Amino acid sequence: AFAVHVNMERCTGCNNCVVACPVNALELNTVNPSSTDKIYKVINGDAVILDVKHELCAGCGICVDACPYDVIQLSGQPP
Amino acid sequence: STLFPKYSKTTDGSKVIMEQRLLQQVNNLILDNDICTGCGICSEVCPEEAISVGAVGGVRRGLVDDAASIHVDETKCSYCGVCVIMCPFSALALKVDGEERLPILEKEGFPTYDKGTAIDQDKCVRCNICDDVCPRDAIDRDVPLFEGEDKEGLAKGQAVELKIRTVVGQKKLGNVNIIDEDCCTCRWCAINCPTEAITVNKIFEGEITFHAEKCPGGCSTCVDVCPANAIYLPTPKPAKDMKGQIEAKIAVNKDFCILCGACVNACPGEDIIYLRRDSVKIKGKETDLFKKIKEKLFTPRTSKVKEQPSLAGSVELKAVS
Amino acid sequence: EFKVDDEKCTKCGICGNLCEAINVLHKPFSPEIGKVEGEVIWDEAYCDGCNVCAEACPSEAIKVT
Amino acid sequence: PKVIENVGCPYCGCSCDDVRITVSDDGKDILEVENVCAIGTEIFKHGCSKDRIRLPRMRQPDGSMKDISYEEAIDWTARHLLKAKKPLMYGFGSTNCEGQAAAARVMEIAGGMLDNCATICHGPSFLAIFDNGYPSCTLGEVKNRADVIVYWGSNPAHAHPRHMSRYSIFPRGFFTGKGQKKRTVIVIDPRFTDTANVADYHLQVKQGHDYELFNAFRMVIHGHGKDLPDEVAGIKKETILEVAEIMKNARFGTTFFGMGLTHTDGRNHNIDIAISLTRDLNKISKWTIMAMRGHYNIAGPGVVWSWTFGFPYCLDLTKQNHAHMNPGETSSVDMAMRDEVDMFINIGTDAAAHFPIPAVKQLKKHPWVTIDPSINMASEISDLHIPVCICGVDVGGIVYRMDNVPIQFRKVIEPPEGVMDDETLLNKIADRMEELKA
Amino acid sequence: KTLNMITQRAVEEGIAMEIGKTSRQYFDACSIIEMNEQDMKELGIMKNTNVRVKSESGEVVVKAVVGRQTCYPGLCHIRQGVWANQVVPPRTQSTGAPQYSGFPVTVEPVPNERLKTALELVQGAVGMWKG
Ligand SMILES: Nc1nc2c(c(=O)[nH]1)N[C@H]1C(S)=C(S)[C@@H](COP(=O)(O)OP(=O)(O)OC[C@H]3O[C@@H](n4cnc5c(=O)[nH]c(N)nc54)[C@H](O)[C@@H]3O)O[C@H]1N2
Ligand SMILES: Nc1nc2c(c(=O)[nH]1)N[C@H]1C(S)=C(S)[C@@H](COP(=O)(O)OP(=O)(O)OC[C@H]3O[C@@H](n4cnc5c(=O)[nH]c(N)nc54)[C@H](O)[C@@H]3O)O[C@H]1N2
Ligand code: SF4
Ligand code: SF4
Ligand code: SF4
Ligand code: SF4
Ligand code: SF4
Ligand code: SF4
Ligand code: SF4
Ligand code: SF4
Ligand code: SF4
Ligand code: SF4
Ligand code: SF4
Ligand SMILES: [Mo]
Numbered sequence: 063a064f065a066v067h068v069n070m071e072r073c074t075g076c077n078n079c080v081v082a083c084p085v086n087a088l089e090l091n092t093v094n095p096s097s098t099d100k101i102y103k104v105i106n107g108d109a110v111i112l113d114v115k116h117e118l119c120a121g122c123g124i125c126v127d128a129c130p131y132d133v134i135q136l137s138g139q140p141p
Numbered sequence: 002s003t004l005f006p007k008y009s010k011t012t013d014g015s016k017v018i019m020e021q022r023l024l025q026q027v028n029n030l031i032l033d034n035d036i037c038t039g040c041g042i043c044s045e046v047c048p049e050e051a052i053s054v055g056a057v058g059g060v061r062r063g064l065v066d067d068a069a070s071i072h073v074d075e076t077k078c079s080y081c082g083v084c085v086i087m088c089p090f091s092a093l094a095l096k097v098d099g100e101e102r103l104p105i106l107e108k109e110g111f112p113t114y115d116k117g118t119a120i121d122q123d124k125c126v127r128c129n130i131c132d133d134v135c136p137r138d139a140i141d142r143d144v145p146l147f148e149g150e151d152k153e154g155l156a157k158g159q160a161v162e163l164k165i231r232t233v234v235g236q237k238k239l240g241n242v243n244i245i246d247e248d249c250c251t252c253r254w255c256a257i258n259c260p261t262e263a264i265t266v267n268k269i270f271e272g273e274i275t276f277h278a279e280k281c282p283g284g285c286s287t288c289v290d291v292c293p294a295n296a297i298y299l300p301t302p303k304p305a306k307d308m309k310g311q312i313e314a315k316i317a318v319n320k321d322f323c324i325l326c327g328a329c330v331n332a333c334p335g336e337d338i339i340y341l342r343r344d345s346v347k348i349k350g351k352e353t354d355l356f357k358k359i360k361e362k363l364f365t366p367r368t369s370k371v372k373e374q375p376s377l378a379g380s381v382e383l384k385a386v387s
Numbered sequence: 166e167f168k169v170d171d172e173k174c175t176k177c178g179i180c181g182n183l184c185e186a187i188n189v190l191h192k193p194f195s196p197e198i199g200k201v202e203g204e205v206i207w208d209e210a211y212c213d214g215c216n217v218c219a220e221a222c223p224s225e226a227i228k229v230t
Numbered sequence: 002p003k004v005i006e007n008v009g010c011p012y013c014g015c016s017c018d019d020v021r022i023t024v025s026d027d028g029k030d031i032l033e034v035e036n037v038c039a040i041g042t043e044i045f046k047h048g049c050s051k052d053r054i055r056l057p058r059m060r061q062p063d064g065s066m067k068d069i070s071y072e073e074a075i076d077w078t079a080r081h082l083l084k085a086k087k088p089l090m091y092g093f094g095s096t097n098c099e100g101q102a103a104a105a106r107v108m109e110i111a112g113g114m115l116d117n118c119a120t121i122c123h124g125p126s127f128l129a130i131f132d133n134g135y136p137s138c139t140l141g142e143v144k145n146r147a148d149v150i151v152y153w154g155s156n157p158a159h160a161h162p163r164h165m166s167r168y169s170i171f172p173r174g175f176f177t178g179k180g181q182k183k184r185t186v187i188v189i190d191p192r193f194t195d196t197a198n199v200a201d202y203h204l205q206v207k208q209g210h211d212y213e214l215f216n217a218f219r220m221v222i223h224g225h226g227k228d229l230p231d232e233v234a235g236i237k238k239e240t241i242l243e244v245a246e247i248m249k250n251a252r253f254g255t256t257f258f259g260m261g262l263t264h265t266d267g268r269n270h271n272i273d274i275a276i277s278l279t280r281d282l283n284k285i286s287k288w289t290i291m292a293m294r295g296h297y298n299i300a301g302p303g304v305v306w307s308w309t310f311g312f313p314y315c316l317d318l319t320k321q322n323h324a325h326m327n328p329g330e331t332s333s334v335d336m337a338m339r340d341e342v343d344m345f346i347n348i349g350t351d352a353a354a355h356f357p358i359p360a361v362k363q364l365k366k367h368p369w370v371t372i373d374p375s376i377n378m379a380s381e382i383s384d385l386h387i388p389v390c391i392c393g394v395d396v397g398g399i400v401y402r403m404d405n406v407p408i409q410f411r412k413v414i415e416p417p418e419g420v421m422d423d424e425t426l427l428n429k430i431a432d433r434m435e436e437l438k439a
Numbered sequence: 005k006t007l008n009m010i011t012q013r014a015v016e017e018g019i020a021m022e023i024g025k026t027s028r029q030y031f032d033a034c035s036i037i038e039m040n041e042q043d044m045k046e047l048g049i050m051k052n053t054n055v056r057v058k059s060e061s062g063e064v065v066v067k068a069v070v071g072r073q074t075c076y077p078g079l080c081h082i083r084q085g086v087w088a089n090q091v092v093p094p095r096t097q098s099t100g101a102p103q104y105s106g107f108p109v110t111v112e113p114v115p116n117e118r119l120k121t122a123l124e125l126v127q128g129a130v131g132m133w134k135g
């Protein structure tokens, strides 16, 4: 239930934070999908986090490790 | 107001030091963030409900800086030291004045874990397998280093007691032990020891199941955070060998799983993992507090997506009936 | 000359820790197999007829000539 | 608020077609664009502009630039194309495949030199394809099967942004359900690029020594790799052996290359040693080279002129009944150097900006015509600037992806009242030339 | 000093051109040297200061910065565009691909000199610089 922050100023729209998030990958890549909500979607060229109320993230670091030009900061402390 | 109950929480390098000042008496709950494994056996056990669990996967992978695996509300902590006794990999220590001091053990008010380690030195042969397979750095083998990788400990020819002919019996140069406060009872070293000379017994008993058909693929957080490296990504078969069975996405080795719980705390999935412990193995008699702690540790649990926002910044699992 | 018996070898380093000819590579440990498995590599450029490592092996896995 | 699905982003070789546009109520303003990268977002934001060129514009004696009618511009271009002796038409990187067919017809009538951005970009690669072949694959193949991925001399993070998230690394395919975590990504280039950040290996090679690197790899593959020197091209022999072992054990590999190979010493020999390496690896594994084509339809001129004249680029259409091709002799830059031209036509490119300035100086001695939708350097040093529709925003058509798979682009905005598209324009030029009876 | 050099891409550069080749965004994105920190110290180049990149086939005054994409000691880099092609040598080696990456160049710290805009560069190379 952590909080992710995306630096819009250096986001290129690469979409490798959307493809690599394992909560996004739940809908289409799971047998009998449990939850179909998504943290990121690239609207107007930058990654927007729809997870406003910080309910779905799990601090995995797959998205921080994925962005090619580090731009996603993961906060492990309560918002 | 009044100042002297000074509550402080400082991140001194890799140790998160949580402190309570007085004029002359202090209290230091020190968490070593290089050894924590993200299990919650410190949050389930806290009598005073202060320790919460944080971004296990990120911290255990190095992608998080402003947090540790666990957050302790040092205003609520009571410095009992139950967390220090009940943490399987000793990554929490209590220092009262300046020394590691556990009053509850000094008075025998709490049982401790019976990891039960031992290496019958009349059977071990100074092999190198047990140090090699150990997931944690807990095998202290004290052996002179022969020509392999270094200058001779005695000599290649003195690694074997030879009269210069025939060998005289047995060689066994040195001594090998297991740092009992670091072993997590994974049993990689007992299962793989050549001469069956290692005696370790798992602290927890139960069963863990992996519903592979619910893993969303590229999320090897469970693999990355498992302390005892029980988890694996089942290797994809080659062509002309797949035989219509495609592959599994994740699985576990029940021989090495120690029922810690880091996998469950780290998985971002919904219910891929099912964890349930049935019996903790202790020495020391018992307590009503310990019965409560058994009841808390033995409730089955599994992952969850979309937990409540009011507790944002921590983990909440699913209670399985 | 040299010959190991992979049938009766446990991949214990006590054979490659002695001679500078025997280098024992343990390929990475994975719970897949749950076992230790590697290879023993012997080079001519360093041997001798010392034969100490024959009986230093816990098992009788090594015969040399 | 009229959401339009399945649009095409007209910039990089990826030809991404998973773009969603929310066009305004009147169908002429783009409000929000989803699923596209920034470079693309800006293309659409520019296409939906309110203040854009609508009529041609001529250079008067005073040096200013005043508008003229389309028929007058067509007359000008037709008369000049016929009066010239060896005109050169260059560009075609950013146009539909009907735009690259109409141009072929126009210059068939004229008799000049017809050429595209292949010469200055991946034409050295084609010259290697001619030597050794092109063992390749479509991109869904690497999406659904690839176990090892090599980015040799390329930089997808900044060249093709959503290449990694669409085709190569992160997608979870069919036989690659585990996603990234079972893909081994090797990136080779002297810099520590963002692709190398995402990668798992990195072979930081001295710039220019890729031929020696490839030869080392191929000796390893052919089996007696012990004869390698201590280090090769700055890469250390043990790392070479590591990557080579991974490549051998790959279930299905794929190599991508770019300017690191096509713009350095031994332009085409780097590419053909790479192709030789791929053909050698297919002895024990499955490996497929693949070129990181730049513009959307830059593989469009290749195929269209392949079916029309048999030659992808550097076309010598002066004999009027048999064409010739020799890149060292018929290419735009070499002809500009040896002042072998008489007229330069800027169609779907920016020659002034992206050519060497000695070549631009040599070319400007002659008349200069630009057919672009918007102002750029060529349209600022040209003699007349004919507007044209933008592919994928004002006009649809076929485009050709990196791997020669035809994507069908859609139209989202109607072009400004008056502006025509290149196929109509080139056809009108050809009709007028035939009217002038040559 | 010989200081081998390459010319390559960047997303900010692509973004800039699609904003427009004559825009302040394009100026800022392309007029850039991305060299090594060790080389900057050894030459004597203050970070973020104009510098004279002079190869055998031209010359250009370009801002000198340090790039995240770590160039090893002895490498330079300009994002491709007007400024880089003011200095790219035209040699093709009978292939039609000019030496776009890997040509020697000397670098001279020359602050207090302005940068030349894209229009000024091209229209002055041709001889059309009205403004
Ligand atoms: N220093 C350096 N310079 C280089 C290179 C390098 O590596 N280093 N690489 C060289 C290579 S790889 C090439 S590709 C060039 C690339 O450079 P270019 O091929 O010139 O690419 P753009 O400048 O983006 O050209 C886009 C122009 O075409 C217009 N356009 C878009 N759609 C259409 C259409 O449908 N019809 C028409 N008629 N016009 C349209 C666009 O508005 C724009 O004016 O860079 C080259 N220059
Ligand atoms: N934002 C933006 N995107 C673009 C373009 C653009 O101009 N701007 N251009 C488009 C077009 S026209 C092109 S052709 C494509 C091509 O783009 P790419 O083919 O992917 O190549 P580059 O982006 O120039 O980066 C090439 C990499 O090779 C490295 N390199 C340089 N020399 C060597 C060498 O000698 N050996 C090795 N192993 N590596 C070397 C370079 O450091 C660089 O890391 O991008 C397209 N995408
Ligand atoms: S940390 Fe994991 S779950 Fe959270 S947004 Fe990133 S990839 Fe998704
Ligand atoms: S991966 Fe990074 S650059 Fe790409 S969209 Fe996500 S935040 Fe932006
Ligand atoms: S119980 Fe687990 S989480 Fe708590 S301190 Fe010990 S290792 Fe860390
Ligand atoms: S010392 Fe006791 S009260 Fe404090 S965190 Fe540990 S278990 Fe909880
Ligand atoms: S694995 Fe067993 S025999 Fe080998 S060193 Fe360890 S205790 Fe001794
Ligand atoms: S039980 Fe596991 S952690 Fe303990 S000594 Fe053996 S291998 Fe190491
Ligand atoms: S497999 Fe066992 S030891 Fe590993 S994380 Fe899961 S419960 Fe813990
Ligand atoms: S079990 Fe959890 S950590 Fe492992 S792959 Fe599935 S979602 Fe990811
Ligand atoms: S030869 Fe003997 S000591 Fe050496 S690896 Fe084999 S079994 Fe172990
Ligand atoms: S015979 Fe002696 S010298 Fe040869 S490998 Fe064995 S121990 Fe080493
Ligand atoms: S990668 Fe290229 S085609 Fe795809 S959205 Fe980005 S700019 Fe457009
Ligand atoms: Mo290109």
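Protein chains in written order, with the entry's author numbering: chain L, 63 to 141; chain K, 2 to 165, 231 to 387; chain M, 166 to 230; chain H, 2 to 439; chain J, 5 to 135. Every residue, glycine too, gets a C-beta built ideally from N, C-alpha and C.
>> Does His367/H come out as helix, strand or coil in the three-state DSSP assignment?
In response: Coil.
> Comparing alpha-carbon positions, which option in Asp373/H, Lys237/H, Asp76/H, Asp63/H lies nearest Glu435/H?
Replying inline: Of the listed residues, the one whose Cα sits closest to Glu435/H is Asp76/H.
> Applying the criterion that 16 or more other CB atoms from any shown protein chain within 10 Å of the CB defines a buried residue, is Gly123/L buried or exposed?
Replying inline: buried
>> Quick check: is the beta carbon of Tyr102/L nearer than 9 Å to any beta carbon in chain J?
In response: no
> Does the distance from the C-beta atom of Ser169/H to that of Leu214/H stay below 9 Å?
Replying inline: no
> From which residue to which residue does the beta strand (DSSP E) around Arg294/H run?
Replying inline: That residue, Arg294/H, is in no beta strand (DSSP E); it is neither H nor E in DSSP.
> Mind pulling the beta strand (DSSP E) runs of 3 or more residues that sit fully within the stretch 111-188 of chain H?
Replying inline: 114-117, 149-153
> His223/H to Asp281/H, Cα distance in whole Å?
Replying inline: 8 Å
> Can you tell me the Cα-Cα spacing of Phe5/K and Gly82/K, whole angstroms?
Replying inline: 22 Å
> What is the DSSP secondary structure of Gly254/H, reduced to helix, strand or coil?
Replying inline: strand
>> Applying the 10 Å Cβ sphere with the 16-neighbour rule, what's the burial state of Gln42/J?
In response: exposed
>> DSSP three-state label for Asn241/K, please.
In response: Of the three classes helix, strand and coil, the one that applies to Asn241/K here is strand, per DSSP.
>> Quick check on DSSP: helix, strand or coil for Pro115/J?
In response: Note: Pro115/J maps to coil in three-state DSSP.
> Leaving out the 5 sequence neighbours to the left and right, which residues in its chain are closer than 6 Å to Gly259/H when beta-carbon positions are compared?
Replying inline: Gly154, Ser155, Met293
> Listed in chain order, which residues of the stretch 256-279 of chain H have Cβ atoms closer than 8 Å to some Cβ of chain K?
Replying inline: none
> For the stretch 125-140 of chain H against the stretch 263-276 of chain H, are there 3 or more C-beta pairs whose distance is under 8 Å?
Replying inline: yes
> Alpha carbon to alpha carbon, what distance is there between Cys119/L and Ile338/K?
Replying inline: Going from the Cα of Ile338/K to the Cα of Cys119/L covers about 16 Å.
> Is the beta carbon of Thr251/K less than 9 Å from the beta carbon of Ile269/K?
Replying inline: yes
> Does the stretch 66-73 of chain H come within contact of the stretch 392-405 of chain H, defined as at least 3 CB pairs closer than 8 Å?
Replying inline: no
> Could you give the distance in angstroms between the alpha-carbon of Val233/H and the alpha-carbon of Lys144/H?
Replying inline: 32 Å
> Is it buried or exposed for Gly14/H, if we count other Cβ within 10 angstroms and need 16 for buried?
Replying inline: buried
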